[PDB]
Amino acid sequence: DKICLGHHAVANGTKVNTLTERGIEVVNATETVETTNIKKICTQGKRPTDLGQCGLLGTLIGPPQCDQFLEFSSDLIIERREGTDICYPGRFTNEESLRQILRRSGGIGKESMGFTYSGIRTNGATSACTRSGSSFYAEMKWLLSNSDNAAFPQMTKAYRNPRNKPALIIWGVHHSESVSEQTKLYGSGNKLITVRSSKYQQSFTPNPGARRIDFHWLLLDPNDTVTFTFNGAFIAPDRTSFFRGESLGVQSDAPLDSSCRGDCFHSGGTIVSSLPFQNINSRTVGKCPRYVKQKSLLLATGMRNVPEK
């Protein structure tokens, strides 16, 4: 009579790697590298904004494409390939810095700064920004002289931030098509725009030759003041932006789906996984497993498999 001690085994085990061996066979193993991607932006539980044709920075100044997005409220901002920020030629200085602030802003609320004018025009429009005829950036005012070649008077417009959170101030510098184009719209000779606050100063000159309106910006503190001084070539803000709360910015070609929940996103969709690592995309956003180069990393969950012969 005898009693024998032993342990279980299966016919087909799983090969894993250890410190001393390669492809040693164990009873069972679990994958630690996620490789199943959801080819959608999972928007369940969220309040998403799909910008579509509208560029994220366009929401601030309002070209026709972004008329639908002047005030948005979301926790998940989806940027699309076909989005443009401008209509009339030009670009934002530090454009990516501004995008990065916007993507996590929670959306933007617009508020009228309350600038009024006399002795000048405010009805500046262009055929590039078409919106039932010729118009302009919805949040911006194009300032001219009363007629062709008239003198633009030295002006001072100031705005104090009433709210208890910072205000995003935007303004534009119109670079004319030619030397005499500048004198036709505004006064003769040298033009200068000065923008001041308690912690920002910068001056601006127009450079004629290639028509464009370039946009510049600052963040004005609560109870602080922005001072604009200008004698022409100045695109004035009509409204400013106040951030709402928290959001996550995504760049993607993936469709939104409000029937799946997710927290990690990339250009190719959503990653839903409890696993520590992923081989799906090295560029991700949100709360994600860490990217690895390996396709699979099997963690042993059973003993060394020694089958019967």
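Heads up: residue numbers just count along the shown sequence, starting at 1.
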Report summary line: Comparing 137 to 145 with 113 to 121, the higher average Cα temperature factor in the PDB entry belongs to 113 to 121
Report task. Averaging the C-alpha B factors as listed in the entry, name the stretch that ends up higher: 100 to 108 or 197 to 205. Result -> 197 to 205
Query raised in the report: So among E71, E177, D214, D238, who wins on Cα B-factor in the entry?
Result: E177
Query raised in the report: If you check the C-alpha B-factor for each of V173, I77, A158, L168 in the entry, which is highest?
Result: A158
